[PDB]
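Peer 1: Before anything else, here's the structure in question.
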Protein chains: 4
Amino acid sequence: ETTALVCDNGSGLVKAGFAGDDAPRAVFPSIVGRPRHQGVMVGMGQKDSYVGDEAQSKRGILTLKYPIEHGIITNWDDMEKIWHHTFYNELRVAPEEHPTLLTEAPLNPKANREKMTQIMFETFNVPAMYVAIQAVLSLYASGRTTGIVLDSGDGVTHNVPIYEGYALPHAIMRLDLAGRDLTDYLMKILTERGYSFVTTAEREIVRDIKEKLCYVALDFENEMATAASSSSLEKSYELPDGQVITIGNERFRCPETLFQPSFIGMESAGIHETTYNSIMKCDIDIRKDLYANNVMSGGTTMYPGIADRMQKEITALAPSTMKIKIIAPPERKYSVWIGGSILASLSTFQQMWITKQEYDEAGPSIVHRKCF
Amino acid sequence: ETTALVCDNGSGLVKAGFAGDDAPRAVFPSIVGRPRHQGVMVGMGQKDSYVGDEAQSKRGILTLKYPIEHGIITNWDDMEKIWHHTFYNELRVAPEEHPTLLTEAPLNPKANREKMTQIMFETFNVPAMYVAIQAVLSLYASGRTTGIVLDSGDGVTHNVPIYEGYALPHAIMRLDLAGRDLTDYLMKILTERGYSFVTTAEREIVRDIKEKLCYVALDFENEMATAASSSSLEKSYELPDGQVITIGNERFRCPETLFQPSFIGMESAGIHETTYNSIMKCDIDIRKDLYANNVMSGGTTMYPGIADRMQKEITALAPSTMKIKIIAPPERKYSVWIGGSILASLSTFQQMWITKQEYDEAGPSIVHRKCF
Amino acid sequence: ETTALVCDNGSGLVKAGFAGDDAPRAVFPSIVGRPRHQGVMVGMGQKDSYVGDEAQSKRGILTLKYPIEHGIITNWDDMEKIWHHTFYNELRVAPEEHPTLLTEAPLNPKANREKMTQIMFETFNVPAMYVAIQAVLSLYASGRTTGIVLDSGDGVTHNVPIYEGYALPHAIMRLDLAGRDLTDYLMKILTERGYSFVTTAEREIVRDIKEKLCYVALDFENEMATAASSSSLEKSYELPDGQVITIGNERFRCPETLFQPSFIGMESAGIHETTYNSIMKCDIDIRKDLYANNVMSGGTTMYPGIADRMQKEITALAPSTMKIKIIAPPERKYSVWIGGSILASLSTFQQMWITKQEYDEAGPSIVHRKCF
Amino acid sequence: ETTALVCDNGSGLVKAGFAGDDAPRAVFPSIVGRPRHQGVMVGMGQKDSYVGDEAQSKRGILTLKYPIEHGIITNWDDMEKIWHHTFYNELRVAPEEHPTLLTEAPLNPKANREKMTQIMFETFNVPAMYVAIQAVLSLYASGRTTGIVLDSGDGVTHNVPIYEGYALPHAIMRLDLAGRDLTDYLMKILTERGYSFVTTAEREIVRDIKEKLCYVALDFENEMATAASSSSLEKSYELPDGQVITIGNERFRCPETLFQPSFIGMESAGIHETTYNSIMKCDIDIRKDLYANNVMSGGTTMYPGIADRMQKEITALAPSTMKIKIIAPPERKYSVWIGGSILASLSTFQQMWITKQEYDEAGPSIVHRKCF
Ligand SMILES: Nc1ncnc2c1ncn2[C@@H]1O[C@H](COP(=O)(O)OP(=O)(O)O)[C@@H](O)[C@H]1O
Ligand SMILES: Nc1ncnc2c1ncn2[C@@H]1O[C@H](COP(=O)(O)OP(=O)(O)O)[C@@H](O)[C@H]1O
Ligand SMILES: Nc1ncnc2c1ncn2[C@@H]1O[C@H](COP(=O)(O)OP(=O)(O)O)[C@@H](O)[C@H]1O
Ligand SMILES: Nc1ncnc2c1ncn2[C@@H]1O[C@H](COP(=O)(O)OP(=O)(O)O)[C@@H](O)[C@H]1O
Ligand SMILES: [Mg+2]
Ligand SMILES: [Mg+2]
Ligand SMILES: [Mg+2]
Ligand SMILES: [Mg+2]
């Protein structure tokens, strides 16, 4: 009993490590694959399920499926299987040796935090566990206690305003347009170039196109009229089969969906008017200290030039007599885990766990009252 | 009950032996001969049928006929007769002593695998038998689990892609241009030299011309224009009657039919565009690992310089940023049997037989569900 | 200038006629044939290309090729040749006399609609033309403005939800399993009966087997176990050479691929879970009016008993408190053209053309903004 | 330069005439005779070689020899001598006045068409010449462009399928059982009556027996059992020396060799299974139009009742749901020349000659590329 596990179960990518380190020892996607062909070799019951890095190598013959949809775990027969791969096959530690700090998104169903709690005790038998909130932990990474958290992950995007210690739950604006629904819009606009990426194996190619050749336009129409002279923007990507694709104005139209959700047909507003409408529901005296502290996190805020368009477009919405400072640390991808490393290494937290003894006599409703 | 028979009934040449050896103990062609003349000696009912090595010695007075057409057994009164010659007269073992591993081509009719099964139990009374696939067994010989199998035998040629354990049945491209239909094109282009090889006895001479003086051109037109100066290429063959033939540009035009099936008038493409079109129907993530593993087998890939023209012409079709590696072992003629020796000598296979007891209560549809 | 041409260039069968009629005056397949043999008669340069009904009569000596793959035109040297056969040799009208209403599939590449537009002006010099969408025009035939369109043609199958005027482009689920890829599965399951249909000339025989003896099972396993007593289902077809085939359980396994795309190995779902997953991405208030309006069209919805299995299997997926009404008109094969006859005969459309004058000053990007 | 010569050099009988006529002006056998006795008169060097009609009158003292064996010219010192008799002594025209249309059998050696070409220019100095194929020219006589040609001449018999313009070279079934090898079987079955016809002078008597008293049985065994009551079939022939022969069942057993090549010991099948096996190698879509067009030609199809047994025995081999129509014109002996008269009298052919000027700069390989 020395250190604690921090198993950030993201909606698209599991991050796990130890309390204290500044880099997780387990980065692999939340993929549980099933083979779908015949299998004529002598390995009949040989590796019926591939999890994580296994199902990323062998993905041409596997029916991949993300077990987590918008932060809501849909398949408990598979999310147990990633955790069994997480502790034994990748971290190589016993679950019974160390406590665990699980993370989840805010506004999740109340049956979701309980079913995570039921598994970590009745299956893995951990000593103690605490389920934090992913938007709280972005402050501990940046070293603040004040700000609003644009936590655009892979399954969900949600602004959470937090003033000096005190979170404001009546102003969380959740949005279900995230990195998984940008891939599905990118596969719909690569069809107009002729390239047909359809199945789940090609879905992991388009996600790799999105992480390499896709930026955010500062102004959208003037980058659109630049694509009329289609020579200075068409970058080329080299597929796993050796083919090439000449992708042009699809470089910037796929992350513009974060600012124009009418492209994929969502009746809401982008991440510049769900931040501005989450500050205009806070109190007027703390409205000045939230403009100067705009913490971003998540994978979907790793695009080139997303801190420019946030600062350019909130300023068009804010009253123009004071400043907007988008605070984007250059390692903000892992920032939910980095704050999870710090908070599990404090002194004022080692009494805030939930032990097995406390879980017995108080039941699974002891986890919802733990700081909401 | 110690070892197992592996009776590879090829479409033109029966290979039989024991499980464990690296060379079959029975190599003789699938020929059942009938005499066609009068027979004035006292041997009236003396040896009315000659099978295999018998009908290769006495072939001047016999009406030879292959019982197997394109892998499909056409005459069950003769294919029983080769097997009765196989077990007793050549292997000299009882059929009831050892199990049997029969091989057959993929995409054969479903009545063909059943009628082989009916004979091996109700006539020879073997303990157990398993009908494998000839394209699977080329991997066990080469020691791989990944690749596409150019299995150009004597009756049929078929590319079968197999990734790491899992075969892809929706991409098998079968082709009925094989070594038997190259003999019939060679007898049609020896007519233009004047030499008339017509009957079935001379058909076994032309097959012996094809196995000795016929190579594959690397480039076809530049070897054709070389034949204008007709002195440096005309090799001579010495017939069984002592005659000679001065064969020239017919050295390379008969195996060019494997790459130009429009010579014998087939509306398909050669073995370079049925391999390339069998990879372009596989999934895109396994398309890279099939280019680097091109297993060849069968007798018709024993020509001089066939690994050159495959590697030279798939490369003209593949995207030119990555490599093609034609894997041609120097004993690939027997490679269907060599893999049959290994697979019958495993530990994870000795439960995968089909016994007589299991065949009784489950009927002849128990053999089609056995790994397709 | 009285009427308009409606040239529905299908992926497998060209339909052309006049605006106003209820039956097209030109039904012939999209086939451009090249002869592949010697041609020893005096007709040396005599009819080097046969198009449509010509290449259906003489198909034994022709290398037929469909110019259109999945709605995407692959060979512009041949698609011009069908149109030159369409206007002059079959409709017998000048192209310069009447405007033209071309149709195409949704989610086609943006270079495909432009290259059709470039040919109809710069080669045939038509007065005006409009490129509609084939899924829109299925509503005008059925006389509705509300519904989802199962447009299972020959090259492509795509559900398009359309509410009262307003199409929903963020819910089109395209699928590349159509009538051409059912023929290729039927030629792979006639091999297990022994019958080898391989070349392109026999491909037009198997397509004629599919249109006559192939129905859809209501329940699949109970029609499969019916084939164990193989006497009451084996229908016979009489080939062009006078042979017969006794086809059994291949009557219903070839259109079951429309509901089980894992048979030909596609990692997607059938046309019952791409309709249900295209309604579950529409808004919840219009989800009730799409269940009661399920327009089918295309050739591949002409099977016996396809309206039964759609209504039987969406009902297993829908919430079971309200109704599903599959609307299948008994002439739904030509329904893309029937709606094209009506829409070219309206009053509110005769200003929605694209003239040659408007095409000059605005360029080929004037056709993509025309109602998407 | 008005008309053209058509010198059909048959394997047993030279036919020559002019382009336009419906009957050749030169019918005489291909016989070059040498005298073999002493010659005691004063005519020492008097007529050392007799050609054609000369060596048919004086044949009792001449060693006759056919210069052509199975279409292959064996003695160029004699085939020049027939042509020198053909142009000057029988047609009485200069060779330099008119072009020439030579005919030959298909599948002849490539040295045979060149050596004919070398003689017609470098010895006779004709203006232009074209070497056609004898099986093509049977269609022009019958006025068709579709059918299979049973061209049973004197040296060779070969089925050639020809569809609408386009010949199919991969289905020509050549057979070396023809009218010359029926004479040699007739001289072997007249020995059992006692009559010994042995030398070449008596060989021209047996050929005259075959052309007068030999028919084809419709059913063979029932005409054989009719010969048990040997009174109603034994016809009598009157020899040149005044003797008579009472020939019985040898009337029909000598042309039965055309349907039973095992009588003279050939390992092949008759002219009913080399026509049926030459249609079963054609494509399946043209297999119906070859059954209804069975053109016969050549001298060996002049027997009484050969159109009956072809139509009676292909029908036993064909699928019995459609018809067989043996098309036998009543002048089919000269039909190779009749088609040669028409094709040399066309307008689309007078550019398809091969002049002396074109032969100089292009060499003797210009004749093989001329429509194969
Ligand atoms: N460098 C990048 N640029 C753009 N998008 C990225 C990048 N890296 C990851 N992403 C997107 O973000 C997702 C990963 O975000 P992450 O924060 O790991 O999700 P989660 O909230 O589930 O942990 C990926 O699915 C990918 O689509
Ligand atoms: N050395 C050789 N070179 C070229 N071709 C060969 C050679 N040996 C055999 N063949 C051809 O390969 C055929 C034998 O192939 P094989 O693999 O025995 O066929 P099967 O699949 O029926 O066993 C023979 O008919 C012959 O035409
Ligand atoms: N009666 C039928 N039953 C089943 N399938 C049919 C029938 N008629 C046509 N088909 C299939 O539908 C295809 C024709 O569809 P069609 O509507 O012409 O496609 P498109 O017009 O989109 O190219 C044919 O290729 C055939 O496979
Ligand atoms: N009336 C006849 N009946 C049967 N056979 C005949 C008849 N006339 C000729 N023949 C045979 O046909 C041969 C002539 O065939 P022909 O077509 O002249 O040969 P080629 O094809 O070499 O010109 C003769 O050798 C003779 O044996
Ligand atoms: Mg995350
Ligand atoms: Mg083999
Ligand atoms: Mg259509
Ligand atoms: Mg002739």
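Cβ placement follows ideal geometry from the backbone for every residue including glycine, while neighbour counts extend to all protein chains displayed. What is reported rests on the model, the rules as stated and the sources as named; nothing here is a laboratory result.
Peer 1: What are the pairs, 6+ residues apart or on separate chains, where a residue within the range C:217-238 that is in the same structural domain as C:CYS254 (by CATH) has its Cβ under 9 Å from a residue that is part of a strand (DSSP E or B) and among the hydroxyl-bearing types (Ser, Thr, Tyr)?
Peer 2: Matching pairs, first to second residue: C:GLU234/C:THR246; C:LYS235/C:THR246; C:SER236/C:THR246; C:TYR237/C:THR246.
Peer 1: Return yes when B:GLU114 is within 14 Å of another protein chain (Cβ to nearest Cβ), touching a residue at least 24 places away in the same chain (Cβ under 8 Å) and among the charged types (D, E, K, R) and no when it is not.
Peer 2: The answer is yes for B:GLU114.
Peer 1: Still on this model: So, in the range B:343-361, of the ones that are surrounded by fewer than 19 Cβ atoms within 10 Å (Cβ to Cβ) and within 11 Å of chain A (Cβ to nearest Cβ), which residue ends up farthest from ligand 3 (Cβ to nearest atom)?
Peer 2: The selected residue is B:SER347.
Peer 1: Can you list the helices (runs of 4 or more DSSP H) found entirely within the range C:251-330 that contain at least 2 residues being more than 20 Å from C:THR145 (Cβ to Cβ) and among the charged types (D, E, K, R)?
Peer 2: Fully inside the range C:251-330 and qualifying: C:306-314.
Peer 1: Go through (1) surrounded by fewer than 18 Cβ atoms within 10 Å (Cβ to Cβ); (2) in a strand (DSSP E or B); (3) away from chain B (no Cβ under 14 Å) one by one and return the number of the condition A:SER236 breaks.
Peer 2: (3)
Peer 1: Could I ask something else about it? Inside the range D:3-111, counting only strands (runs of 3 or more DSSP E) that do not spill past its ends, which hold 3 or more residues that are surrounded by 21 or more Cβ atoms within 10 Å (Cβ to Cβ) and of a type outside the set (D, E, K, R)?
Peer 2: Answer list for the range D:3-111: D:5-9, D:13-18, D:100-104.
Peer 1: Regarding the range A:243-252, can at least one residue be identified that is buried (at least 17 other Cβ atoms within 10 Å of the Cβ) and within 14 Å of chain B (Cβ to nearest Cβ)?
Peer 2: yes
Peer 1: Evaluate the following for D:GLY299: is it touching a residue at least 40 places away in the same chain (Cβ under 8 Å) and more than 16 Å from ligand 1 (Cβ to nearest atom)? Can you show your working first?
Peer 2: Details: touching a residue at least 40 places away in the same chain (Cβ under 8 Å): yes; more than 16 Å from ligand 1 (Cβ to nearest atom): yes.
It is true that D:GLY299 is touching a residue at least 40 places away in the same chain (Cβ under 8 Å) and more than 16 Å from ligand 1 (Cβ to nearest atom).
Peer 1: Quick one: how many residues across the range D:331-346 are more than 17 Å from the chain's Cα centre (by Cα) and in a loop (DSSP other than H, G, I, E, B)?
Peer 2: Of the residues in that region, 3 qualify.
Peer 1: Return the residues of the range B:362-372 that are on the phi < 0 side of the Ramachandran plot, away from chain A (no Cβ under 14 Å) and not β-branched (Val, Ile, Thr); say none if nothing qualifies.
Peer 2: Result: B:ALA362, B:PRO364, B:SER365.
Peer 1: Right, next: Please tell me if D:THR74 is farther than 29 Å from D:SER142 by Cα and within 16 Å of ligand 4 (Cβ to nearest atom). I'd like the intermediate steps shown before the answer.
Peer 2: Values: farther than 29 Å from D:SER142 by Cα: yes; within 16 Å of ligand 4 (Cβ to nearest atom): yes.
Against the criterion (farther than 29 Å from D:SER142 by Cα and within 16 Å of ligand 4 (Cβ to nearest atom)), D:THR74 qualifies.
Peer 1: Quick test for you: out of A:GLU69, A:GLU104, pick the one residue that is within 16 Å of the chain's Cα centre (by Cα), more than 14 Å from every other protein chain (Cβ to nearest Cβ) and of a type in the set (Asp, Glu).
Peer 2: Answer to the check: A:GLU104.
Peer 1: Do we have D:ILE279 as among the hydrophobic types (A, V, I, L, M, F, W, C), surrounded by fewer than 15 Cβ atoms within 10 Å (Cβ to Cβ) and touching a residue at least 60 places away in the same chain (Cβ under 8 Å) here?
Peer 2: Judged against the criteria, D:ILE279 is not a match.
Peer 1: For A:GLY71, indicate whether it is closer than 18 Å to A:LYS333 by Cβ and either touching a residue at least 40 places away in the same chain (Cβ under 8 Å) or within 16 Å of ligand 2 (Cβ to nearest atom) (or both).
Peer 2: For A:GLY71, the condition - closer than 18 Å to A:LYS333 by Cβ and either touching a residue at least 40 places away in the same chain (Cβ under 8 Å) or within 16 Å of ligand 2 (Cβ to nearest atom) (or both) - is met.
Peer 1: Let me ask something else. Considering only residues that are small (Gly, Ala, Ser) and under 20 Å from B:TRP337 (Cβ atoms), look in the range B:286-313 and name the one that is farthest from ligand 8 (Cβ to nearest atom).
Peer 2: Once the filter is applied, the top-ranked residue is B:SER297.
Peer 1: Now, a different point. If we keep just the residues of the range C:26-52 that are in contact (Cβ under 8 Å) with a residue 24 or more places away in the chain and touching a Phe, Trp or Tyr at 6+ places or on another chain (Cβ under 7 Å), which is farthest from the other protein chains (Cβ to nearest Cβ)?
Peer 2: Our first condition is that a residue be in contact (Cβ under 8 Å) with a residue 24 or more places away in the chain; within the range C:26-52, this holds for C:26, C:28-37, C:49, C:51-52.
Filter once more, keeping what is touching a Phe, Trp or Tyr at 6+ places or on another chain (Cβ under 7 Å): C:30-31, C:33, C:35, C:37, C:52.
Numbers: C:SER30: 19, C:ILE31: 13, C:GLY33: 11, C:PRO35: 6, C:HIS37: 4, C:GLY52: 16 Å.
Here the answer is C:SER30.
Peer 1: Among the residues that make up the range A:154-177, is at least one of them within 14 Å of chain C (Cβ to nearest Cβ) and within 16 Å of ligand 1 (Cβ to nearest atom)?
Peer 2: Scanning the range A:154-177 turns up at least one residue that is within 14 Å of chain C (Cβ to nearest Cβ) and within 16 Å of ligand 1 (Cβ to nearest atom).
Peer 1: Does B:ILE338 count as more than 14 Å from chain A (Cβ to nearest Cβ), surrounded by fewer than 16 Cβ atoms within 10 Å (Cβ to Cβ) and in contact with a helix residue (DSSP H, G or I) (Cβ under 8 Å, 6 or more places away or on another chain)?
Peer 2: No, not satisfied.
Peer 1: Which one of the conditions (1) away from ligand 2 (no atom under 15 Å from the Cβ); (2) among the aliphatic types (A, V, I, L, M); (3) closer than 24 Å to B:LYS58 by Cα does B:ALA171 fail to meet, given that it meets all the rest?
Peer 2: B:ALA171 satisfies all of (1) away from ligand 2 (no atom under 15 Å from the Cβ); (2) among the aliphatic types (A, V, I, L, M); (3) closer than 24 Å to B:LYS58 by Cα except (3).
Peer 1: Looking at this structure, is D:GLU204 more than 16 Å from ligand 2 (Cβ to nearest atom), assigned to a helix (DSSP H, G or I), in contact (Cβ under 8 Å) with a residue 60 or more places away in the chain and under 25 Å from the mean Cα position of the chain (by Cα)? It would help to see each step written out before you state the result.
Peer 2: Working: more than 16 Å from ligand 2 (Cβ to nearest atom): yes; assigned to a helix (DSSP H, G or I): yes; in contact (Cβ under 8 Å) with a residue 60 or more places away in the chain: yes; under 25 Å from the mean Cα position of the chain (by Cα): yes.
So D:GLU204 passes the test.
Peer 1: Give me the residue from the range C:101-145 that is in contact with a helix residue (DSSP H, G or I) (Cβ under 6 Å, 6 or more places away or on another chain) and of a type in the set (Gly, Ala, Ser) and, out of that set, nearest to C:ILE68 (Cα to Cα).
Peer 2: It comes out as C:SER138.
Condition check ((1) more than 14 Å from chain B (Cβ to nearest Cβ); (2) of a type in the set (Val, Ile, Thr); (3) surrounded by 19 or more Cβ atoms within 10 Å (Cβ to Cβ); (4) more than 17 Å from A:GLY299 (Cα to Cα)) across all residues:
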residue	(1), (2), (3), (4)
A:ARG180	yes, no, yes, no
A:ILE189	yes, yes, no, yes
A:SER196	no, no, no, yes
A:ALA201	no, no, yes, yes
A:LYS212	yes, no, no, no
A:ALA228	yes, no, no, yes
A:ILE264	yes, yes, no, yes
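Peer 1: Which pairs have Cβ atoms under 9 Å, sit 6 or more apart or on different chains, and link a residue in the range D:242-259 that is without any contact (Cβ under 8 Å) to a residue 60 or more places away in the chain to one that is of a type in the set (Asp, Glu) and outside any helix (DSSP H, G or I)?
Peer 2: Pairs found: D:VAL244/D:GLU238; D:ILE245/D:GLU238; D:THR246/D:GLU234; D:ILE247/D:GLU234; D:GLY248/D:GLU234; D:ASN249/D:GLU234; D:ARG251/D:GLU234; D:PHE259/D:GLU273.
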